[PDB]
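To start, the structure itself, in structure tokens.
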Amino acid sequence: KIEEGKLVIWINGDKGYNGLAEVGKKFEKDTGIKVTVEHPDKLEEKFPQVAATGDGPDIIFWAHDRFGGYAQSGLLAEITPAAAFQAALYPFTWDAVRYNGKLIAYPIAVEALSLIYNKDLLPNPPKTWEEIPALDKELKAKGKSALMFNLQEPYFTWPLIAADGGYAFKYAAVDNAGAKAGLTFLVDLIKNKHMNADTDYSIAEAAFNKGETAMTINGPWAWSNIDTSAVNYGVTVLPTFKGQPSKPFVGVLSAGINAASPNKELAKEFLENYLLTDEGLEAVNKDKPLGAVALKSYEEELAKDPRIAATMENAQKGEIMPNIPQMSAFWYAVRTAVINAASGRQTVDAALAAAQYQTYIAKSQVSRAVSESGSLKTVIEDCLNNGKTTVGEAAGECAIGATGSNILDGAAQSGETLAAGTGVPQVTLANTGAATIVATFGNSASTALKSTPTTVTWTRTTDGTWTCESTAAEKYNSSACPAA
Ligand SMILES: N[C@@H](CCC(=O)O)C(=O)O
Ligand SMILES: N[C@@H](CCCC[NH3+])C(=O)O
Ligand code: NA
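Reading the sequence shown from the start, the letters are residues 1 to 173, 183 to 363, 370, 1023 to 1151 in the entry's author numbering.
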């Protein structure tokens, strides 16, 4: 249970958590409020499960696109910043932390794709997609290709697909016309052999960092690898398409306040008047760079770095990453259509009209149940090898310490507190050392997993070996837990 009087913070391990902790040691100096910054593994998965019972951190830092799901579950507190504070952040960043017209988190950092180019190969990088074919032919006559970037993930081609507004098509005849024009141009690049349909993230990054291609498309997370390489690189605005800017998806690292937290007034003070200052954001940016930031005053000091300036410019011309869970199936279909077109599996027309989202969800939920139940194996080994063969909360019994999961049905066996609509895997032990861990799908599991009785079961043999068996369809299973 969250302890009143103190702030606990969760932030990913690739962020400046030591720098944030320095912001926080200052907070305890001007209060009596200790602060602790933790960077737990898989914190974005743990948070909804801990917060459901009133546990977890007071503040969580993560990309805004996850916070729509937390907000839908009522796990984030609505924040009410005064106008004086809101005017200190770029207006579009507040849009990323809105859910049902309510502010749900504080924007911190802003990321988007940019055009990265090798200054030695290409001192005059193109301002338009249209001129890339001719430049590719010229560079190849000089021993290099024009452009390599990840074509397997539509996130990377989206800036071109979303560029054309399609307003001109209306006058020649918003819907899908602009996306058709962008996709058709992408498909033509590939058929004319200016790009390969099989180019993925690893191939493109290796090519650019080895100096084999003049341009790539990537975000700030990729810069340090190019820094290590020999490449004299620059970062600039994405090229235009049909005279209109590329529109990349925008990710906004945001700080939400746990709705079960009893220190909401304490967290509001720390985030607004300490972290989101020029001083607070520098203490984190000194540790590990945030890229572009939502704070106007600090972002103006970072824009001297052309890489950071280009990131914010592309972000301001793009669109905020979708965060509405009710729209997830729509966007999964959009992703599927883009891959089918780019890969040449379908025409542009047929792709935008034709891999089930249910399969992705069912596989993910099965894998989650396998991992959730499997995480109890080491606990059970500790019990069995210390002679404890009864599950329970009393002394001398095996206390499972399970965490409730909203895709499972199963009451706690060792005194754990579960929220409604959650369950834990069910543990049985025997004096022989045999054991089972049975996770039964229920509550908010997919109908794909609830339409018949369906389980994932870890079985311990008396030699101490474990195996996993699923009664879900093999279509939704993995090698870790096959069907019988
Ligand atoms: N990273 C997810 C993305 C799927 C989605 O877009 O919903 C995957 O395994 O493909
Ligand atoms: N594991 C079961 C059975 C205990 C031992 C049965 N001989 C339980 O604790 O509920
Ligand atoms: Na080449």
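All C-beta atoms, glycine included, are put in the ideal place defined by N, C-alpha and C.
Ligand 1 heavy atom lying under 7 Å from the CB of residue i
{"i": "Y210", "result": "no"}
{"i": "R1127", "result": "no"}
{"i": "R344", "result": "yes"}
{"i": "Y1143", "result": "no"}
{"i": "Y341", "result": "yes"}
{"i": "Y1027", "result": "yes"}
Own chain residues within Cβ distance below 7 Å of residue i, not counting five before or after
{"i": "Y90", "result": "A303 and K305"}
{"i": "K273", "result": "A77 and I266"}
{"i": "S73", "result": "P48"}
{"i": "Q1032", "result": "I1074, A1112, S1113 and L1116"}
{"i": "residue 1168", "result": "A question about residue 1168 goes unanswered here, because the residues of the chain that appear run from 1 up to 1151."}
{"i": "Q355", "result": "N349 and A363"}
Per DSSP, the bridge partner or partners of residue i
{"i": "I1028", "result": "Note: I1028 sits in no beta bridge, so no partner."}
{"i": "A363", "result": "Answer by DSSP bridge pairing: none, since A363 is not bridged."}
{"i": "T1134", "result": "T1126"}
{"i": "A312", "result": "Bridge partners of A312: none, in fact."}
{"i": "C1065", "result": "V1058"}
{"i": "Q253", "result": "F250"}
{"i": "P107", "result": "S263"}
{"i": "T225", "result": "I116"}
{"i": "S306", "result": "Per DSSP, none; premise fails for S306."}
{"i": "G243", "result": "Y117"}
{"i": "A370", "result": "According to DSSP, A370 bridges with nothing at all."}
{"i": "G1090", "result": "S1072"}
Residue i beta carbon near ligand 3 (any heavy atom closer than 7 Å)
{"i": "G143", "result": "yes"}
{"i": "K297", "result": "no"}
{"i": "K25", "result": "no"}
{"i": "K140", "result": "yes"}
Neighbourhood of residue i by C-beta, 8 Å cutoff - its chain only, sequence neighbours within 5 removed
{"i": "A168", "result": "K251"}
{"i": "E28", "result": "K34 and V35"}
{"i": "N201", "result": "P133"}
{"i": "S1081", "result": "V1058, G1059, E1060, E1064, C1065, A1066, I1067, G1068 and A1069"}
{"i": "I235", "result": "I116, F217, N218 and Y242"}
Residue i beta carbon near ligand 2 (any heavy atom closer than 7 Å)
{"i": "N1053", "result": "no"}
{"i": "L1096", "result": "yes"}
{"i": "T1057", "result": "yes"}
Among the options, the one whose alpha carbon lies nearest that of residue i
{"i": "residue 180", "options": "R66, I1028, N150 and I132", "result": "Here the chain is numbered 173 followed immediately by 183, so the structure offers no position for residue 180."}
{"i": "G1100", "options": "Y1027, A1112, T1056 and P257", "result": "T1056"}
{"i": "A292", "options": "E1060, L7 and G16", "result": "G16"}
{"i": "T1070", "options": "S1040, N1053, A268 and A1062", "result": "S1040"}
{"i": "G166", "options": "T249, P40, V240 and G187", "result": "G187"}
{"i": "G32", "options": "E45, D41 and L7", "result": "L7"}
{"i": "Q335", "options": "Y1024, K1142, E214 and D41", "result": "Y1024"}
{"i": "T193", "options": "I1067, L361 and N1053", "result": "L361"}
{"i": "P1149", "options": "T1128, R1127, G1131 and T1122", "result": "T1122"}
{"i": "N241", "options": "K119, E3 and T1138", "result": "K119"}
{"i": "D55", "options": "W230, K1 and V1058", "result": "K1"}
{"i": "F85", "options": "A370, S1145, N282 and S1034", "result": "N282"}
{"i": "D358", "options": "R316, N185, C1065 and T53", "result": "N185"}
{"i": "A63", "options": "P1120, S238, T249 and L262", "result": "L262"}
{"i": "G289", "options": "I11, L20, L275 and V1091", "result": "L20"}
{"i": "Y1143", "options": "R1035, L1096 and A1079", "result": "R1035"}
{"i": "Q1093", "options": "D1130, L1043 and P1120", "result": "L1043"}
{"i": "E278", "options": "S1145, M330 and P81", "result": "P81"}
{"i": "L122", "options": "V37, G143 and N1098", "result": "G143"}
{"i": "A268", "options": "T93, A52, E1141 and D95", "result": "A52"}
Beta-carbon contacts of residue i that lie in its chain and below 6 Å, excluding the five residues immediately before and after
{"i": "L284", "result": "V23"}
{"i": "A71", "result": "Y99 and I104"}
{"i": "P257", "result": "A112, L113, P159, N323 and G327"}
{"i": "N1110", "result": "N1073, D1076 and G1088"}
{"i": "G13", "result": "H39"}
{"i": "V183", "result": "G166"}
{"i": "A162", "result": "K256"}
{"i": "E1136", "result": "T1124 and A1151"}
{"i": "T1138", "result": "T1121 and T1122"}
With contact counted as at least three CB pairs below 8 Å, one residue from each stretch, are the segment 1076-1086 and the segment 1048-1055 in contact?
-> no
Is it true that the segment 131-139 meets the segment 213-220, where meeting means three or more beta-carbon pairs spaced less than 8 Å apart?
-> no
If we count Cβ pairs, one from each stretch, closer than 8 Å, do we get three or more for the segment 225-242 versus the segment 82-102?
-> no
Meets three-Cβ-pair contact criterion under 8 Å: the segment 110-126 and the segment 349-362 | no
Would you call the segment 335-344 and the segment 317-326 touching, i.e. three or more CB-CB distances under 8 Å?
-> no
Could you say if the segment 202-212 and the segment 142-156 meet the contact criterion of at least three C-beta pairs nearer than 8 Å?
-> yes
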